[PDB]
Amino acid sequence: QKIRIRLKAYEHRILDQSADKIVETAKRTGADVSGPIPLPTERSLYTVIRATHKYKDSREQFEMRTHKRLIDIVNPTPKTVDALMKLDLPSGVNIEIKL
Amino acid sequence: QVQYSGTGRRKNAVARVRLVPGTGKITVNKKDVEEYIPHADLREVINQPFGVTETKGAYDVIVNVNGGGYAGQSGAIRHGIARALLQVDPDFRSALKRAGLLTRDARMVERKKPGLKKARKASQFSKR
Amino acid sequence: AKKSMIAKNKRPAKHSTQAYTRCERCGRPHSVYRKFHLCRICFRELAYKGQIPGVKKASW
Amino acid sequence: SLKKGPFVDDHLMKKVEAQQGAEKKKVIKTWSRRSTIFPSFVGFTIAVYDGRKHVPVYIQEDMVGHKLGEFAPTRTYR
Amino acid sequence: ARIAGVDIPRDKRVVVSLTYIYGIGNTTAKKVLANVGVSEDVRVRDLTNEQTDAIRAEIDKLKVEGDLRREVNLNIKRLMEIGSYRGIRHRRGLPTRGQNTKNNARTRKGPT
Amino acid sequence: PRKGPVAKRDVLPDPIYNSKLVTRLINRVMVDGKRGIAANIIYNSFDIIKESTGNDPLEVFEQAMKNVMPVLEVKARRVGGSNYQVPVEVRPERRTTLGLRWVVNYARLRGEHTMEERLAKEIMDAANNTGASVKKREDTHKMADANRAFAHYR
RNA sequence: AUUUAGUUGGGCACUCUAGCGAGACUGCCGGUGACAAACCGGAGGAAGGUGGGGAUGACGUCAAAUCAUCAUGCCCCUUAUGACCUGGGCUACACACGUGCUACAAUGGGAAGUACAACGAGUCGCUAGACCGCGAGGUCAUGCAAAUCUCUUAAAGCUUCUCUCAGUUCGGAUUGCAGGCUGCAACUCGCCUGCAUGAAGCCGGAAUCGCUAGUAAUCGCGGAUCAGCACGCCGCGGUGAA
Ligand SMILES: [Zn+2]
């Protein structure tokens, strides 16, 4: 009800520690928070050849990995909105809230 | 009434077997036996656990298969059924382990290597 | 023959099919990732130092 | 395939125009690459430029569809 | 000899045997067989004189000629004789969009 | 290969005849992984078997094995820079594999218009000392024993 | 229960999503072996003998390759070997060699109807639906900054007819005509559609290449760079051998 937020980061340990912190602060003044729903964690690849002039027969690659979590909140209080705007850190994850 | 469970997997294809005391058929994705399973002869293929346990019927089978190719998702039907026959009676697990049909095929498509044509095929290389 | 050309590519183009892609800290015309504005190999050099977020090695 | 008509530049038009009632001039120095031919350009005498030489050629009325690029062969196979 | 131009042979059906002349691909054949109201008939050509005359007159509504070869010749005669740069390389068989050939002469001449 | 002997991969029997031999027969027809087309034309070959002089659908295949299957073959066992190839008894699985090769891999050459008359009637012919694969074995045994004297001592 | 329809009421049961965990170590038994390392079988199990792959490359060899990614010892140029712009060229062809794609047809071509994947991408980017067109496509427009909307309903597949061994309804190069799309502009020099055309080619000597099982062989799909352009590269999945 009128709030659901998203979590997107690179390291799942920072993800679920900040997710457990906000679940701890979730039903503080409110109630009925839904847990950390996982997401399929998009991934990219690249390709860089291991030389500077020749030698395409030997290569190298890397990866992007984007871990995504999800926490829903049902039937909230008004007091948690000003509480969650007092909740700002860590900085490795970026939240994505709606109403 | 009660229903009998079971699941089977092969070749990036998953199946959810739902065994019921019936008459002996199979319904897959709310269709018939050989409307969604095409012209292939894979009946006694699937009925091979029945030839070692409760020959031949009479249990109708519900299953909802998805993913993979047709033969791989057909072969995964064998193992949910054999898991169900283990669920019914303990006295067939010897008859299954003599026949197999319980070990999941862990063998699937192999990772390539960046630098070849295929997973192990090398390109032509003229000596002279 | 490139110090005039890097300053040539910082200008607004004469028309649409002239603003191609080269690297930023070097000036390579070929094989530049447009997501990163880096070439093949300066990306490789900065990838090891932990100075590009995101990127790790890839084994699977 | 140039479905919205022909294409002739407007910095091709600006050499002479008064040769419509008189006998035409001989100097038409240009680039002669982009512009095609459409029937208002019949019977002139154009120095078609091939990257090095504004090669002179005059016009017949059935040398009419293609561009000015047939008559700049930049290969020199002799 | 035979019915139109030359050599409409039997022992093949109608859409097959009509392909044998200079001017029929397959769309011309299906459209001409659609304009009369006929069929495959059957795997040997056993048409009647009404049907042969109808499909004889309908082909005459086209460019299907032995002068269609001469029509191609006057097309390429218009081509090669203006200047022509496309005639120089038309006789050397390279297309007007270019194909950049140093070993693709074995299509036409076989330089080996 | 170099170190020791390798495993040999026993197979699965049929979905109908419950035969490993007919399964192996299908697998030396199969091209590009199309198994169902080769299996279905082999069941069609058994249907042609059953109609024209229907005796037994599998004994005709066993008699096709009878009139083809070798017992002898020469093998170049030189010792000190010679050319003394020895007529040697063949391994039994290689024997059956050469039989399947001489049945199917020679049957490309009948050249008849119906696409499995080169299969069904061909293995009908091999049951009763006909088909040119029998005479392949005959000339194979005749080029065998050409060095019966000066090679059988090794 | 409903609705075309897991839609909407409901549950987290199965599946799936992915965090924390358990699980395969000669672990037990029998033979061989100096009783030792170890070798051969058996039970259990999802896999038993480093379960299957990947990343990981010592001392050193070849004055191997690189000033043309970068930095740079020394030497040379400087109203010019430096700079701006137009047009051309690296895409030529009497020839020889290397690497790939498509065929030489009956396990096939042509027509009709009929199913099942995986990876990834998306804001000036992917397009739902509708209308029209022989088509490449054209127009109005709806969802989409994402397990939701699209790319996208995959090809080999399956059932009926067909052709009847031919240089052939195999083959599909070459050439005229008509077009479509992005580009300010497809002549030199983009891709694709349609009509008309239809060549070699019936399994290739000497010689030579890759590969020990989800491999080889065949079949499609996605991405990078990119207005536009892929038989190349990188990756995934289907059928599945001796
Ligand atoms: Zn760089």
# chains A, B, ... in the order shown; residues from 1 in each chain; ligands from 1
$ select_by_dssp --residues "chain B" --states "alpha helix (DSSP H)" --output "PyMOL selection string"
chain B and resi 43-46+70-75+77-88+93-99
$ write_last_selection --atoms "N, CA and C atoms" --output "compact mmCIF listing (two decimals), in the first residue's frame"
# COMPACT_ATOMS: atom_id res chain seq x y z
N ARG B 43 7.04 -43.94 -26.24
CA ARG B 43 5.98 -44.35 -25.32
C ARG B 43 6.52 -45.35 -24.30
N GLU B 44 7.03 -46.48 -24.78
CA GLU B 44 7.71 -47.43 -23.91
C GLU B 44 9.02 -46.88 -23.37
N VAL B 45 9.57 -45.84 -24.02
CA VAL B 45 10.58 -44.98 -23.40
C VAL B 45 10.08 -44.45 -22.07
N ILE B 46 8.90 -43.83 -22.08
CA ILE B 46 8.34 -43.31 -20.84
C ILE B 46 7.79 -44.44 -19.98
N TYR B 70 12.37 -30.98 -27.33
CA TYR B 70 11.24 -31.88 -27.10
C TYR B 70 11.69 -33.21 -26.51
N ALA B 71 12.82 -33.74 -26.98
CA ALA B 71 13.25 -35.04 -26.50
C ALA B 71 13.81 -34.95 -25.09
N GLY B 72 14.48 -33.84 -24.78
CA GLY B 72 14.99 -33.66 -23.43
C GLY B 72 13.89 -33.47 -22.41
N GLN B 73 12.85 -32.71 -22.77
CA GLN B 73 11.73 -32.58 -21.87
C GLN B 73 10.86 -33.83 -21.86
N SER B 74 11.01 -34.70 -22.86
CA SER B 74 10.35 -36.00 -22.79
C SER B 74 11.08 -36.92 -21.82
N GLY B 75 12.41 -36.92 -21.86
CA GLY B 75 13.18 -37.78 -20.99
C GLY B 75 13.08 -37.42 -19.53
N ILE B 77 10.36 -36.69 -18.09
CA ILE B 77 9.12 -37.26 -17.58
C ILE B 77 9.38 -38.59 -16.90
N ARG B 78 10.41 -39.32 -17.36
CA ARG B 78 10.76 -40.63 -16.79
C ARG B 78 11.09 -40.56 -15.31
N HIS B 79 11.68 -39.46 -14.87
CA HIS B 79 12.28 -39.44 -13.55
C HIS B 79 11.34 -38.92 -12.47
N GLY B 80 10.42 -38.02 -12.81
CA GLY B 80 9.36 -37.70 -11.87
C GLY B 80 8.44 -38.88 -11.63
N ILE B 81 8.21 -39.69 -12.66
CA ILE B 81 7.41 -40.90 -12.53
C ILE B 81 8.10 -41.92 -11.64
N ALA B 82 9.41 -42.11 -11.83
CA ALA B 82 10.15 -43.06 -11.00
C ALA B 82 10.29 -42.57 -9.57
N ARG B 83 10.42 -41.25 -9.39
CA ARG B 83 10.41 -40.67 -8.05
C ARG B 83 9.05 -40.88 -7.38
N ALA B 84 7.97 -40.80 -8.16
CA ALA B 84 6.64 -41.07 -7.63
C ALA B 84 6.47 -42.53 -7.25
N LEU B 85 7.02 -43.44 -8.07
CA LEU B 85 6.94 -44.86 -7.75
C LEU B 85 7.78 -45.21 -6.54
N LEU B 86 8.85 -44.45 -6.30
CA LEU B 86 9.54 -44.55 -5.02
C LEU B 86 8.69 -43.98 -3.89
N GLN B 87 7.90 -42.93 -4.17
CA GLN B 87 7.03 -42.36 -3.14
C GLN B 87 5.92 -43.31 -2.73
N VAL B 88 5.41 -44.11 -3.67
CA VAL B 88 4.32 -45.03 -3.36
C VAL B 88 4.83 -46.18 -2.49
N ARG B 93 12.72 -49.65 -5.05
CA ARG B 93 13.94 -48.87 -5.20
C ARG B 93 15.11 -49.76 -5.57
N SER B 94 15.09 -51.02 -5.14
CA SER B 94 16.03 -52.00 -5.67
C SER B 94 15.79 -52.23 -7.15
N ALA B 95 14.53 -52.35 -7.55
CA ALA B 95 14.19 -52.55 -8.95
C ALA B 95 14.43 -51.31 -9.79
N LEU B 96 14.49 -50.13 -9.17
CA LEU B 96 14.89 -48.95 -9.92
C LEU B 96 16.41 -48.84 -10.03
N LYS B 97 17.14 -49.10 -8.94
CA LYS B 97 18.59 -49.03 -8.98
C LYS B 97 19.22 -50.12 -9.83
N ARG B 98 18.53 -51.23 -10.06
CA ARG B 98 18.99 -52.14 -11.10
C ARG B 98 18.71 -51.60 -12.49
N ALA B 99 17.66 -50.80 -12.65
CA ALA B 99 17.29 -50.26 -13.94
C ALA B 99 17.77 -48.84 -14.15
$ residues_around --residues "residue 13 in chain E" --least-positions-apart "3" --cutoff "9 Å" --atoms "only C-alpha atoms (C1' of nucleotides)" --output "ChimeraX atom specification"
/E:10,16-18,40-46
$ residues_around --residues "residue 15 in chain E" --least-positions-apart "4" --cutoff "8 Å" --atoms "only C-alpha atoms (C1' of nucleotides)" --output "NGL selection string"
:E and (19 or 26 or 29-30 or 33 or 40)
$ residues_near_ligand --ligand "ligand 1" --cutoff "9 Å" --atoms "only C-alpha atoms (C1' of nucleotides) and all ligand atoms" --output "MDAnalysis selection string"
(chainID C and resid 22:28 32 37:45) or (chainID G and resid 69:70)
$ residues_around --residues "residue 40 in chain B" --least-positions-apart "2" --cutoff "9 Å" --atoms "only C-alpha atoms (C1' of nucleotides)" --output "number ranges by chain"
B: 34, 37-38, 42-43, 71; F: 36; G: 158
$ write_last_selection --atoms "N, CA, C and O atoms (P, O5', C5', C4', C3', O3' and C1' of nucleotides)" --output "PDB file, in the first residue's frame"
ATOM      1  N   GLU B  34      -0.207 -37.675 -27.245  1.00  0.00           N
ATOM      2  CA  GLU B  34       0.593 -37.501 -28.448  1.00  0.00           C
ATOM      3  C   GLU B  34      -0.019 -36.470 -29.386  1.00  0.00           C
ATOM      4  O   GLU B  34      -0.109 -36.676 -30.596  1.00  0.00           O
ATOM      5  N   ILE B  37       3.350 -34.178 -27.598  1.00  0.00           N
ATOM      6  CA  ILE B  37       4.497 -35.042 -27.852  1.00  0.00           C
ATOM      7  C   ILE B  37       4.359 -35.572 -29.276  1.00  0.00           C
ATOM      8  O   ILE B  37       3.490 -36.421 -29.528  1.00  0.00           O
ATOM      9  N   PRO B  38       5.170 -35.121 -30.215  1.00  0.00           N
ATOM     10  CA  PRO B  38       4.961 -35.477 -31.624  1.00  0.00           C
ATOM     11  C   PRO B  38       5.339 -36.907 -31.974  1.00  0.00           C
ATOM     12  O   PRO B  38       5.530 -37.761 -31.103  1.00  0.00           O
ATOM     13  N   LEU B  42       8.279 -42.444 -28.390  1.00  0.00           N
ATOM     14  CA  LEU B  42       8.814 -42.466 -27.040  1.00  0.00           C
ATOM     15  C   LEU B  42       7.764 -42.845 -26.008  1.00  0.00           C
ATOM     16  O   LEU B  42       7.624 -42.162 -24.993  1.00  0.00           O
ATOM     17  N   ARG B  43       7.038 -43.936 -26.238  1.00  0.00           N
ATOM     18  CA  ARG B  43       5.981 -44.349 -25.320  1.00  0.00           C
ATOM     19  C   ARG B  43       6.516 -45.349 -24.302  1.00  0.00           C
ATOM     20  O   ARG B  43       6.500 -45.088 -23.096  1.00  0.00           O
ATOM     21  N   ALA B  71      12.823 -33.737 -26.976  1.00  0.00           N
ATOM     22  CA  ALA B  71      13.252 -35.044 -26.501  1.00  0.00           C
ATOM     23  C   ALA B  71      13.813 -34.953 -25.092  1.00  0.00           C
ATOM     24  O   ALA B  71      13.637 -35.873 -24.285  1.00  0.00           O
TER      25      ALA B  71
ATOM     26  N   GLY F  36      15.215 -39.752 -36.188  1.00  0.00           N
ATOM     27  CA  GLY F  36      13.848 -40.199 -36.393  1.00  0.00           C
ATOM     28  C   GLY F  36      13.534 -40.550 -37.831  1.00  0.00           C
ATOM     29  O   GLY F  36      12.761 -41.477 -38.087  1.00  0.00           O
TER      30      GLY F  36
ATOM     31  P     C G 158      11.102 -35.012 -38.147  1.00  0.00           P
ATOM     32  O5'   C G 158       9.596 -34.933 -37.639  1.00  0.00           O
ATOM     33  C5'   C G 158       8.538 -35.483 -38.405  1.00  0.00           C
ATOM     34  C4'   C G 158       7.211 -35.268 -37.725  1.00  0.00           C
ATOM     35  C3'   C G 158       5.980 -35.507 -38.581  1.00  0.00           C
ATOM     36  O3'   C G 158       5.618 -36.877 -38.634  1.00  0.00           O
ATOM     37  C1'   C G 158       5.769 -33.435 -37.459  1.00  0.00           C
TER      38        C G 158
END
$ closest_atom_pairs --of "chain C" --to "chain A" --cutoff "6 Å" --atoms "only C-alpha atoms" --output "tab-separated table"
residue	atom	partner	partner_atom	distance
C:40	CA	A:48	CA	5.9
C:54	CA	A:64	CA	5.6
C:55	CA	A:64	CA	5.2
C:56	CA	A:63	CA	5.7
C:57	CA	A:62	CA	4.7
C:58	CA	A:62	CA	4.9
$ residues_around --residues "range 57-62 of chain E" --least-positions-apart "4" --cutoff "12 Å" --atoms "only C-alpha atoms (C1' of nucleotides)" --output "PDB file with C-alpha atoms (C1' of nucleotides), in the first residue's frame"
ATOM      1  CA  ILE E   3       2.222 -23.775 -80.462  1.00  0.00           C
ATOM      2  CA  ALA E   4       3.838 -20.427 -79.626  1.00  0.00           C
ATOM      3  CA  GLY E   5       7.394 -19.570 -80.537  1.00  0.00           C
ATOM      4  CA  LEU E  18       5.644 -23.495 -70.054  1.00  0.00           C
ATOM      5  CA  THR E  19       8.765 -22.449 -68.116  1.00  0.00           C
ATOM      6  CA  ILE E  21      10.624 -20.442 -73.098  1.00  0.00           C
ATOM      7  CA  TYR E  22      12.484 -17.144 -72.956  1.00  0.00           C
ATOM      8  CA  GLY E  23      10.108 -15.048 -70.904  1.00  0.00           C
ATOM      9  CA  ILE E  24       8.457 -17.318 -68.337  1.00  0.00           C
ATOM     10  CA  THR E  28       3.988 -15.360 -65.222  1.00  0.00           C
ATOM     11  CA  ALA E  29       3.133 -19.065 -65.484  1.00  0.00           C
ATOM     12  CA  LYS E  30       0.831 -19.140 -62.444  1.00  0.00           C
ATOM     13  CA  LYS E  31      -0.902 -15.920 -63.488  1.00  0.00           C
ATOM     14  CA  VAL E  32      -1.489 -17.157 -67.056  1.00  0.00           C
ATOM     15  CA  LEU E  33      -2.830 -20.468 -65.735  1.00  0.00           C
ATOM     16  CA  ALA E  34      -5.045 -18.430 -63.392  1.00  0.00           C
ATOM     17  CA  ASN E  35      -6.380 -16.263 -66.233  1.00  0.00           C
ATOM     18  CA  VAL E  36      -7.943 -19.274 -68.008  1.00  0.00           C
ATOM     19  CA  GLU E  50      -9.757 -24.513 -76.521  1.00  0.00           C
ATOM     20  CA  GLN E  51      -7.238 -24.500 -73.681  1.00  0.00           C
ATOM     21  CA  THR E  52      -4.145 -24.371 -75.904  1.00  0.00           C
ATOM     22  CA  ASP E  53      -5.537 -21.487 -77.953  1.00  0.00           C
ATOM     23  CA  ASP E  67      12.845 -10.396 -79.940  1.00  0.00           C
ATOM     24  CA  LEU E  68      12.741 -10.249 -76.153  1.00  0.00           C
TER      25      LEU E  68
ATOM     26  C1'   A G 196      12.463 -11.215 -66.822  1.00  0.00           C
TER      27        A G 196
END
